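**Q** See protein-v2.txt below, with compact mmCIF, C-alpha atoms.
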# COMPACT_ATOMS: atom_id res chain seq x y z
CA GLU A 9 -107.73 -76.12 -87.29
CA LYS A 10 -106.98 -74.31 -84.03
CA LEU A 11 -105.50 -71.26 -85.77
CA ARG A 12 -108.52 -70.78 -88.03
CA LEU A 13 -110.93 -71.05 -85.10
CA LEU A 14 -108.86 -68.53 -83.14
CA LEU A 15 -108.87 -66.12 -86.10
CA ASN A 16 -112.65 -66.52 -86.11
CA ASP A 17 -112.68 -65.78 -82.38
CA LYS A 18 -110.34 -62.80 -82.87
CA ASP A 19 -110.79 -61.17 -86.25
CA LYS A 20 -108.43 -61.72 -89.16
CA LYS A 21 -105.95 -59.58 -91.11
CA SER A 22 -104.84 -57.51 -88.09
CA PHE A 23 -102.25 -59.80 -86.49
CA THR A 24 -99.82 -62.07 -88.31
CA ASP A 25 -100.04 -65.78 -87.60
CA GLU A 26 -96.85 -65.88 -85.51
CA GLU A 27 -98.44 -64.22 -82.49
CA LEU A 28 -101.48 -66.45 -83.06
CA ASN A 29 -99.21 -69.48 -82.62
CA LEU A 30 -97.76 -67.77 -79.55
CA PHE A 31 -101.22 -67.29 -78.02
CA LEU A 32 -102.15 -70.90 -78.77
CA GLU A 33 -98.97 -72.17 -77.11
CA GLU A 34 -99.31 -69.96 -74.04
CA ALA A 35 -102.71 -71.53 -73.24
CA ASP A 36 -104.05 -74.88 -74.41
CA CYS A 37 -107.65 -73.73 -73.94
CA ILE A 38 -108.49 -71.81 -77.10
CA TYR A 39 -110.84 -69.39 -75.33
CA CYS A 40 -108.09 -68.31 -72.92
CA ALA A 41 -105.88 -67.47 -75.90
CA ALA A 42 -108.86 -65.70 -77.45
CA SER A 43 -109.27 -63.53 -74.35
CA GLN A 44 -105.55 -62.71 -74.35
CA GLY A 45 -105.66 -61.86 -78.04
CA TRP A 46 -108.77 -59.75 -77.55
CA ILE A 47 -107.05 -57.67 -74.87
CA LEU A 48 -103.97 -57.28 -77.06
CA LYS A 49 -106.23 -56.31 -79.98
CA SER A 50 -108.00 -53.80 -77.73
CA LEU A 51 -104.61 -52.18 -77.22
CA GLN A 52 -104.44 -51.45 -80.97
CA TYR A 53 -107.43 -49.08 -81.09
CA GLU A 54 -105.18 -46.16 -80.12
CA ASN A 55 -103.62 -46.44 -83.61
CA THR A 56 -106.38 -47.80 -85.86
CA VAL A 57 -109.09 -45.37 -84.67
CA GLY A 58 -107.20 -42.85 -82.56
CA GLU A 59 -108.63 -40.24 -80.24
CA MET A 60 -110.24 -38.06 -82.94
CA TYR A 61 -113.68 -39.57 -82.51
CA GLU A 62 -115.56 -36.85 -84.44
CA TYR A 63 -114.63 -34.30 -87.09
CA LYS A 64 -116.30 -32.05 -89.66
CA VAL A 65 -114.54 -30.89 -92.83
CA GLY A 66 -116.42 -28.89 -95.45
CA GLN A 67 -119.87 -30.48 -95.54
CA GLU A 68 -118.54 -33.87 -94.38
CA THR A 69 -119.27 -34.84 -90.77
CA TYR A 70 -118.28 -38.20 -89.29
CA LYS A 71 -118.83 -39.41 -85.72
CA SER A 72 -116.88 -42.57 -84.97
CA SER A 73 -117.24 -44.57 -81.78
CA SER A 74 -115.01 -43.17 -79.05
CA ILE A 75 -111.90 -45.14 -78.13
CA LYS A 76 -113.24 -45.73 -74.62
CA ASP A 77 -116.32 -47.51 -75.97
CA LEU A 78 -114.23 -49.65 -78.34
CA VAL A 79 -111.77 -50.75 -75.66
CA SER A 80 -114.69 -51.38 -73.30
CA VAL A 81 -116.36 -53.66 -75.84
CA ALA A 82 -113.08 -55.48 -76.50
CA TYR A 83 -112.62 -55.96 -72.75
CA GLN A 84 -116.17 -57.29 -72.50
CA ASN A 85 -115.44 -59.80 -75.28
CA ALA A 86 -112.24 -60.86 -73.51
CA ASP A 87 -114.18 -61.28 -70.27
CA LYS A 88 -116.79 -63.41 -72.06
CA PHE A 89 -114.09 -65.68 -73.47
CA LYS A 90 -112.40 -65.89 -70.06
CA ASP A 91 -115.68 -66.89 -68.41
CA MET A 92 -116.12 -69.46 -71.17
CA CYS A 93 -112.66 -70.84 -70.39
CA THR A 94 -113.55 -71.09 -66.71
CA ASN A 95 -116.94 -72.75 -67.28
CA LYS A 96 -115.46 -75.25 -69.73
CA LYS A 97 -112.77 -76.11 -67.16
CA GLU A 98 -115.11 -75.78 -64.15
CA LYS A 99 -116.32 -78.79 -62.18
CA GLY A 100 -119.23 -79.03 -59.76
CA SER A 101 -119.06 -79.70 -56.05
CA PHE A 102 -117.92 -83.02 -54.60
CA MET A 103 -118.51 -85.10 -51.48
CA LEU A 104 -115.90 -87.82 -51.08
CA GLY A 105 -115.01 -90.48 -48.56
CA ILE A 106 -112.23 -89.99 -46.02
CA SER A 107 -110.41 -92.67 -44.05
CA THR A 108 -107.38 -92.97 -41.77
CA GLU A 109 -105.59 -96.20 -40.92
CA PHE A 110 -105.86 -97.36 -37.32
CA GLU A 111 -105.04 -100.40 -35.21
CA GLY B 168 -81.00 -134.87 -33.29
CA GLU B 169 -81.77 -132.36 -36.06
CA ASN B 170 -84.26 -134.01 -38.42
CA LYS B 171 -87.73 -132.57 -39.05
CA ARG B 172 -90.57 -135.10 -38.81
CA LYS B 173 -94.05 -134.75 -40.30
CA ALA B 174 -96.82 -137.27 -39.64
CA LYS B 175 -100.56 -137.11 -40.40
CA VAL B 176 -101.85 -139.72 -37.94
CA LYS B 177 -105.57 -140.46 -37.81
CA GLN B 178 -107.15 -143.08 -35.59
CA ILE B 179 -110.59 -144.64 -35.10
CA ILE B 180 -111.40 -145.45 -31.47
CA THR B 181 -114.25 -147.86 -30.75
CA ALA B 182 -115.53 -149.86 -27.80
CA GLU B 183 -114.17 -153.13 -29.22
CA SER B 184 -110.79 -151.89 -30.45
CA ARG B 185 -108.64 -148.93 -31.48
CA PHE B 186 -107.27 -148.40 -35.00
CA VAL B 187 -104.40 -146.03 -35.81
CA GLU B 188 -102.58 -145.36 -39.08
CA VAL B 189 -99.89 -142.77 -39.86
CA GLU B 190 -99.12 -141.13 -43.21
CA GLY B 191 -95.57 -139.83 -42.95
CA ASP B 192 -92.53 -140.36 -40.76
CA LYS B 193 -92.52 -143.20 -38.25
CA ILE B 194 -93.59 -142.30 -34.70
CA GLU B 195 -92.03 -144.69 -32.20
CA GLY B 196 -94.87 -144.65 -29.67
CA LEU B 197 -97.71 -145.61 -32.04
CA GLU B 198 -98.23 -149.14 -33.37
CA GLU B 199 -100.15 -148.94 -36.64
CA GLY B 200 -103.16 -151.15 -37.26
CA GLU B 201 -105.93 -152.29 -34.99
CA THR B 202 -105.21 -152.85 -31.29
CA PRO B 203 -107.81 -154.45 -28.99
CA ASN B 204 -109.67 -152.47 -26.36
CA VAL B 205 -109.03 -153.87 -22.88
CA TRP B 206 -112.56 -152.76 -21.91
CA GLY B 207 -115.70 -152.82 -24.03
CA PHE B 208 -116.45 -149.11 -23.85
CA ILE B 209 -114.96 -146.11 -25.62
CA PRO B 210 -112.45 -144.42 -23.24
CA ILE B 211 -113.32 -140.92 -24.55
CA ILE B 212 -115.79 -138.64 -22.75
CA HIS B 213 -117.52 -135.71 -24.46
CA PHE B 214 -118.17 -132.56 -22.43
CA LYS B 215 -121.04 -130.80 -24.21
CA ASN B 216 -121.44 -127.17 -23.17
CA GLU B 217 -125.06 -126.01 -23.39
CA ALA B 218 -126.16 -129.35 -24.79
CA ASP B 219 -129.41 -129.39 -26.74
CA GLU B 220 -131.71 -132.17 -27.91
CA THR B 221 -131.50 -130.85 -31.50
CA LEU B 222 -127.68 -130.45 -31.64
CA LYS B 223 -125.01 -133.10 -32.09
CA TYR B 224 -122.29 -130.97 -30.46
CA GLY B 225 -122.21 -128.31 -27.78
CA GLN B 226 -122.16 -124.57 -28.28
CA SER B 227 -119.89 -121.88 -26.87
CA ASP B 228 -121.02 -119.13 -24.53
CA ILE B 229 -119.43 -116.68 -26.99
CA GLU B 230 -121.99 -117.52 -29.70
CA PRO B 231 -124.98 -115.61 -28.21
CA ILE B 232 -122.83 -112.52 -27.56
CA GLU B 233 -120.69 -112.67 -30.73
CA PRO B 234 -122.81 -110.39 -32.98
CA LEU B 235 -123.00 -107.90 -30.13
CA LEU B 236 -119.21 -108.10 -29.94
CA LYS B 237 -119.04 -107.39 -33.68
CA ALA B 238 -121.33 -104.37 -33.35
CA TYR B 239 -119.39 -103.12 -30.32
CA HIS B 240 -116.13 -103.46 -32.25
CA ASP B 241 -117.56 -101.61 -35.24
CA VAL B 242 -118.90 -98.76 -33.11
CA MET B 243 -115.68 -98.42 -31.12
CA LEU B 244 -113.48 -98.54 -34.22
CA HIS B 245 -115.58 -95.98 -36.09
CA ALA B 246 -115.54 -93.75 -33.00
CA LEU B 247 -111.76 -94.04 -32.74
CA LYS B 248 -111.28 -93.21 -36.42
CA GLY B 249 -113.61 -90.23 -36.18
CA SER B 250 -111.83 -88.94 -33.08
Would you write the structure of this file as structure tokens?

**A**
Amino acid sequence: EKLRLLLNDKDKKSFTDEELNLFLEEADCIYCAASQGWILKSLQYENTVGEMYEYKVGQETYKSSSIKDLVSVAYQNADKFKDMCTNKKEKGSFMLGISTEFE
Amino acid sequence: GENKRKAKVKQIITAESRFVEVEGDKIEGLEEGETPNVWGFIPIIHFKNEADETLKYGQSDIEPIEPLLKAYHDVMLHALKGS
């Protein structure tokens, strides 16, 4: 199933399946839709993680990955899927015959 | 008048006599069947160009040059197309 494979490519339980169908329709190649979804999922780190990358309260101290690193990794994943889409659709060089009619 | 006339006439000429038969419309000038030869030799003469002891017929002066003509045509045509 295309939707299940896309959810594997772009993790589950964050987006509802409607936008997954939208991404599938906007590009037949699944990896292109995966790259698009990965960028759009990268946009969501400003809410899920936020800017507060480190805090200490009482004796608790937690250092989360900064938002810049997370969006960078998401962009890298999107780039990998885009390169996959290109290579799957890429074709090598060609030398072909040419001919013009003449009397 | 207007009519179209087809006729496949073939004839065998020999020293003794001439034979002609026609398959199709009647041709007024030709009498079918054998007709005697007024002289005892065949009135046809064969002009054999470049006659040879090993050939029944002659041979055209175009034959020796013909493959060169083909090569010349090919080279000129390919040159024209490339240009």

**Q** When you get a sec, could you note down which chain B residues fall within 12 Å of chain A, using all atoms listed in the file, as number ranges by chain?

**A** B: 240, 243-250

**Q** Any idea what the distance is between CA of residue 89 in chain A and CA of residue 35 in chain A?

**A**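 Value for the CA of residue 89 in chain A-CA of residue 35 in chain A distance: 12.8 Å.
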
**Q** Neighbours of residue 39 in chain A within 10 Å (only C-alpha atoms; same-chain residues fewer than 4 positions away dropped), as a list in words?

**A**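 So, after excluding close chain neighbours, the residues are residues 13, 14, 17, 32, 35, 43, 44, 45, 86, 88, 89, 90, 91, 92, 93, 94 and 96 of chain A.
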
**Q** I'd like the neighbourhood of range 71-76 of chain A as a PyMOL selection string, where a residue qualifies if any of its atoms comes within 7 Å (using all atoms listed in the file), though same-chain residues fewer than 2 positions away should be ignored.

**A** chain A and resi 53+58-59+61-63+69+78-80

**Q** List the spatial neighbours of residue 209 in chain B as a tab-separated table (two decimals) with C-alpha atoms, in the frame of the given file - criterion: any atom at most 7 Å away, all atoms listed in the file, same-chain residues fewer than 2 positions off excluded.

**A**
chain	number	residue	atom	x	y	z
B	180	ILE	CA	-111.40	-145.45	-31.47
B	181	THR	CA	-114.25	-147.86	-30.75
B	182	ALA	CA	-115.53	-149.86	-27.80
B	207	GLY	CA	-115.70	-152.82	-24.03
B	211	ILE	CA	-113.32	-140.92	-24.55

**Q** Do you know which residues are at most 6 Å from range 187-195 of chain B counting all atoms listed in the file, after dropping those on the same chain fewer than 2 positions away, and could you put them as an MDAnalysis selection string?

**A** chainID B and resid 172:178 197 199:200
